[PDB]
Amino acid sequence: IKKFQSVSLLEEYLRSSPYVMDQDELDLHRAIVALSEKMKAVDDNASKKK
Amino acid sequence: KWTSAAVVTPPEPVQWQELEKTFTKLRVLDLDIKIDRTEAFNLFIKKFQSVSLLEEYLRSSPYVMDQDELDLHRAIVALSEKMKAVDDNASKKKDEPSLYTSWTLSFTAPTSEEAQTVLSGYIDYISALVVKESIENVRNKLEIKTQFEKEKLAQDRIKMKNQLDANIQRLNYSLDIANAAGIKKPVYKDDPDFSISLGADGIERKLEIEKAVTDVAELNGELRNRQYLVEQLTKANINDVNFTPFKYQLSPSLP
């Protein structure tokens, strides 16, 4: 979970993904930043009375 | 106008392995010390938040000095107001624990490039400060350990020459008593104050022997081994080891 939540690992992953580099300048960076914001990880037990 | 950001957490065991090797050498020499991984992180945070350290970083940075008299100071004070550090778990308070610690470091600038080069630069600068002081502490602990053992040995040697000299006197008296009592050969019990069961012949020889003793370590292996220990502490040293006192979750962004 810690490594998941890491934006930089995530960015490294997207950039390194054949699949992702299909969907072209340094607008690239913005796109990555945009994709990265759509990964979520949430504790199911946080959003309930502890 | 452009805020660059970084998110940092305490460093991880894999980053600490050169450090761990060094602590191992010392552990063999009876010196049990670590650099706690969370304490090094906190020290990084404290240091990061030091305004005097920040001003010093700025003044010393050729990059910053490109951007003109005693407004220099004012520009610095103004720039320094745009480094922030926030604990991510202060906002949204207690009752909801934090799996991991984590802070957000940031710098806001006129340009995108400026904010990122200055957050990295400052981070690396503070990081080096943590590394330098942390090795210093380790070296200091070694210094004290060495001072202590070296000094205690000197003392122990004098304490034993004393004990040995007291024994020589006692042995002299054992010799008179044995002679008076006519015990020449060993007895075939003993007085608790002046042992004589050895006999005068044997005592005489034991007496020349104890009187010819110079270095008390000759018959004492615990002293030889303490001498050895001090030689080893004196020869041991702590190498300039490099480490990072945090793990990035987000390394400084390009806004």
# chains A, B, ... in the order shown; residues from 1 in each chain; ligands from 1
call {"tool": "interface_residues", "arguments": {"of": "chain A", "to": "chain B", "cutoff": "6 Å", "atoms": "only C-alpha atoms", "output": "ChimeraX atom specification"}}
result
/A:6-8
call {"tool": "write_last_selection", "arguments": {"atoms": "C-alpha atoms", "output": "mmCIF file, in the first residue's frame"}}
result
data_model
loop_
_atom_site.group_PDB
_atom_site.id
_atom_site.type_symbol
_atom_site.label_atom_id
_atom_site.label_comp_id
_atom_site.auth_asym_id
_atom_site.auth_seq_id
_atom_site.Cartn_x
_atom_site.Cartn_y
_atom_site.Cartn_z
ATOM 1 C CA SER A 6 3.567 6.794 -4.168
ATOM 2 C CA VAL A 7 2.956 9.171 -7.053
ATOM 3 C CA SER A 8 6.548 8.879 -8.314
#
call {"tool": "residues_around", "arguments": {"residues": "residue A:35", "least_positions_apart": "4", "cutoff": "9 Å", "atoms": "only C-alpha atoms", "output": "list in words"}}
result
residues 11, 14, 30, 31 and 39 of chain A
call {"tool": "residues_around", "arguments": {"residues": "residue B:168", "least_positions_apart": "5", "cutoff": "7 Å", "atoms": "only C-alpha atoms", "output": "compact mmCIF listing (two decimals) with N, CA, C and O atoms, in the first residue's frame"}}
result
# COMPACT_ATOMS: atom_id res chain seq x y z
N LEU B 207 57.93 -16.34 45.96
CA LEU B 207 58.19 -14.96 46.31
C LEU B 207 59.12 -14.27 45.30
O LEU B 207 58.82 -13.16 44.91
N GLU B 210 56.96 -13.50 42.24
CA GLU B 210 55.99 -12.42 42.28
C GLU B 210 56.70 -11.10 42.30
O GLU B 210 56.20 -10.12 41.75
N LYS B 211 57.89 -11.09 42.90
CA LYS B 211 58.69 -9.86 42.97
C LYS B 211 59.33 -9.49 41.63
O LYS B 211 59.67 -8.34 41.41
call {"tool": "closest_residue", "arguments": {"among": "B:40, B:128, B:160, B:198", "to": "residue B:57", "atoms": "only C-alpha atoms"}}
result
B:128
call {"tool": "residues_around", "arguments": {"residues": "stretch 189-196 of chain B", "least_positions_apart": "5", "cutoff": "12 Å", "atoms": "only C-alpha atoms", "output": "list in words"}}
result
residues 167, 168, 169, 170, 171, 172, 173, 174, 175, 176, 177, 178, 179, 180, 181, 182, 183, 184, 201, 202, 203, 204 and 206 of chain B
call {"tool": "residues_around", "arguments": {"residues": "stretch 85-92 of chain B", "least_positions_apart": "4", "cutoff": "9 Å", "atoms": "only C-alpha atoms", "output": "list in words"}}
result
residues 7, 45, 48, 49, 96, 97, 98, 101, 102, 103, 104, 105 and 106 of chain B
call {"tool": "atom_distance", "arguments": {"atom1": "atom CA of residue B:150", "atom2": "atom CA of residue B:209"}}
result
28.1 Å
call {"tool": "closest_residue", "arguments": {"among": "B:113, B:18, B:222, B:133", "to": "residue B:242", "atoms": "only C-alpha atoms"}}
result
B:18
call {"tool": "residues_around", "arguments": {"residues": "residue A:5", "least_positions_apart": "3", "cutoff": "7 Å", "atoms": "only C-alpha atoms", "output": "ChimeraX atom specification"}}
result
/A:1-2,41
call {"tool": "atom_distance", "arguments": {"atom1": "atom CA of residue B:24", "atom2": "atom CA of residue B:238"}}
result
11.2 Å
call {"tool": "closest_residue", "arguments": {"among": "A:38, A:33, A:24, A:43", "to": "residue A:12", "atoms": "only C-alpha atoms"}}
result
A:33
call {"tool": "residues_around", "arguments": {"residues": "stretch 72-81 of chain B", "least_positions_apart": "2", "cutoff": "12 Å", "atoms": "only C-alpha atoms", "output": "number ranges by chain"}}
result
B: 48-61, 64-70, 83-85, 106-110, 114-115, 118-119, 122
call {"tool": "write_last_selection", "arguments": {"atoms": "N, CA, C and O atoms", "output": "short mmCIF file (atom, residue, chain, number, x, y, z; two decimals), in the first residue's frame"}}
result
data_model
loop_
_atom_site.label_atom_id
_atom_site.label_comp_id
_atom_site.auth_asym_id
_atom_site.auth_seq_id
_atom_site.Cartn_x
_atom_site.Cartn_y
_atom_site.Cartn_z
N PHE B 48 15.31 21.11 7.93
CA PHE B 48 14.62 21.72 6.80
C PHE B 48 13.88 22.97 7.24
O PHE B 48 13.91 23.98 6.56
N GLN B 49 13.24 22.91 8.40
CA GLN B 49 12.45 24.02 8.88
C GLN B 49 13.28 25.13 9.52
O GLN B 49 12.72 26.09 10.02
N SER B 50 14.60 25.00 9.52
CA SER B 50 15.44 26.04 10.13
C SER B 50 15.59 27.20 9.17
O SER B 50 16.12 27.02 8.08
N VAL B 51 15.10 28.37 9.55
CA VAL B 51 15.13 29.47 8.62
C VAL B 51 16.58 29.90 8.38
O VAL B 51 16.95 30.18 7.25
N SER B 52 17.41 29.89 9.42
CA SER B 52 18.82 30.24 9.22
C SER B 52 19.54 29.31 8.24
O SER B 52 20.42 29.75 7.49
N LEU B 53 19.18 28.03 8.24
CA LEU B 53 19.83 27.09 7.34
C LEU B 53 19.34 27.37 5.93
O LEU B 53 20.10 27.25 4.97
N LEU B 54 18.07 27.76 5.82
CA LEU B 54 17.50 28.04 4.51
C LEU B 54 18.14 29.27 3.85
O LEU B 54 18.50 29.21 2.69
N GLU B 55 18.30 30.35 4.61
CA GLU B 55 18.96 31.57 4.14
C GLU B 55 20.37 31.26 3.71
O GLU B 55 20.80 31.73 2.66
N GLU B 56 21.08 30.47 4.50
CA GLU B 56 22.45 30.09 4.16
C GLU B 56 22.46 29.32 2.84
O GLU B 56 23.30 29.56 1.99
N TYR B 57 21.52 28.39 2.66
CA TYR B 57 21.45 27.68 1.40
C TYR B 57 21.26 28.63 0.21
O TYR B 57 21.93 28.50 -0.82
N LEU B 58 20.31 29.55 0.36
CA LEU B 58 20.01 30.51 -0.70
C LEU B 58 21.25 31.35 -1.05
O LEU B 58 21.71 31.31 -2.21
N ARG B 59 21.82 32.04 -0.06
CA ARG B 59 23.01 32.87 -0.25
C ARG B 59 24.15 32.16 -0.93
O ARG B 59 24.90 32.76 -1.70
N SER B 60 24.28 30.86 -0.65
CA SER B 60 25.41 30.08 -1.11
C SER B 60 25.11 29.46 -2.45
O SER B 60 25.94 28.75 -3.01
N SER B 61 23.90 29.69 -2.96
CA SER B 61 23.53 29.04 -4.21
C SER B 61 23.74 29.95 -5.39
O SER B 61 23.05 30.97 -5.52
N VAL B 64 20.59 30.77 -7.39
CA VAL B 64 19.71 31.78 -6.81
C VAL B 64 20.28 33.17 -7.01
O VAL B 64 19.55 34.12 -7.28
N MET B 65 21.60 33.27 -6.91
CA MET B 65 22.26 34.57 -6.96
C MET B 65 22.21 35.25 -8.33
O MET B 65 22.50 36.43 -8.46
N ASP B 66 21.81 34.50 -9.36
CA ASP B 66 21.54 35.09 -10.66
C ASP B 66 20.38 36.07 -10.58
O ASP B 66 20.48 37.19 -11.08
N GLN B 67 19.30 35.67 -9.92
CA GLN B 67 18.13 36.54 -9.79
C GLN B 67 18.37 37.56 -8.69
O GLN B 67 19.18 38.48 -8.84
N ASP B 68 19.62 44.54 -5.36
CA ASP B 68 20.96 44.11 -5.70
C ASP B 68 22.04 44.64 -4.73
O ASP B 68 23.23 44.58 -5.05
N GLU B 69 21.64 45.13 -3.56
CA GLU B 69 22.60 45.69 -2.60
C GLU B 69 22.42 45.21 -1.15
O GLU B 69 23.14 44.33 -0.68
N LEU B 70 21.48 45.81 -0.43
CA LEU B 70 21.08 45.29 0.87
C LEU B 70 19.59 44.96 0.79
O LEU B 70 18.93 44.64 1.78
N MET B 83 9.45 28.39 1.33
CA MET B 83 9.65 27.00 1.74
C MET B 83 8.67 26.66 2.85
O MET B 83 8.66 27.31 3.90
N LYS B 84 7.87 25.62 2.63
CA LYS B 84 6.99 25.12 3.67
C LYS B 84 7.18 23.62 3.83
O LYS B 84 7.51 22.89 2.87
N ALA B 85 6.95 23.17 5.06
CA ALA B 85 6.92 21.77 5.37
C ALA B 85 5.65 21.52 6.17
O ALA B 85 5.39 22.20 7.17
N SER B 106 7.52 21.89 0.10
CA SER B 106 7.18 22.64 -1.09
C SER B 106 7.88 23.99 -1.22
O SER B 106 8.25 24.64 -0.22
N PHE B 107 8.06 24.41 -2.46
CA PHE B 107 8.54 25.74 -2.79
C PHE B 107 7.73 26.36 -3.92
O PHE B 107 7.48 25.71 -4.94
N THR B 108 7.33 27.61 -3.74
CA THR B 108 6.57 28.39 -4.73
C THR B 108 7.46 29.44 -5.41
O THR B 108 8.16 30.21 -4.74
N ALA B 109 7.44 29.48 -6.74
CA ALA B 109 8.28 30.42 -7.49
C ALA B 109 7.58 31.12 -8.68
O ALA B 109 6.51 30.70 -9.13
N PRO B 110 8.18 32.24 -9.15
CA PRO B 110 7.90 32.84 -10.46
C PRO B 110 7.80 31.82 -11.60
O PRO B 110 6.80 31.81 -12.30
N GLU B 114 12.27 27.24 -11.73
CA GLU B 114 12.86 27.81 -10.51
C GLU B 114 12.42 27.02 -9.25
O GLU B 114 13.25 26.61 -8.45
N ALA B 115 11.12 26.78 -9.12
CA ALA B 115 10.59 26.08 -7.96
C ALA B 115 11.14 24.64 -7.80
O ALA B 115 11.32 24.15 -6.69
N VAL B 118 15.07 24.70 -6.91
CA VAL B 118 15.32 25.21 -5.56
C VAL B 118 14.82 24.29 -4.44
O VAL B 118 15.33 24.32 -3.33
N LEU B 119 13.81 23.48 -4.72
CA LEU B 119 13.36 22.52 -3.74
C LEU B 119 14.37 21.37 -3.71
O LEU B 119 14.79 20.95 -2.63
N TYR B 122 17.72 22.63 -2.13
CA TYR B 122 17.61 22.80 -0.68
C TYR B 122 17.52 21.46 0.05
O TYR B 122 18.15 21.27 1.10
#
call {"tool": "select_by_dssp", "arguments": {"residues": "stretch 72-152 of chain B", "states": "strand (DSSP E or B)", "output": "JSON, numbers by chain"}}
result
{"B": [83, 84, 85, 86, 87, 103, 104, 105, 106, 107, 108, 109]}
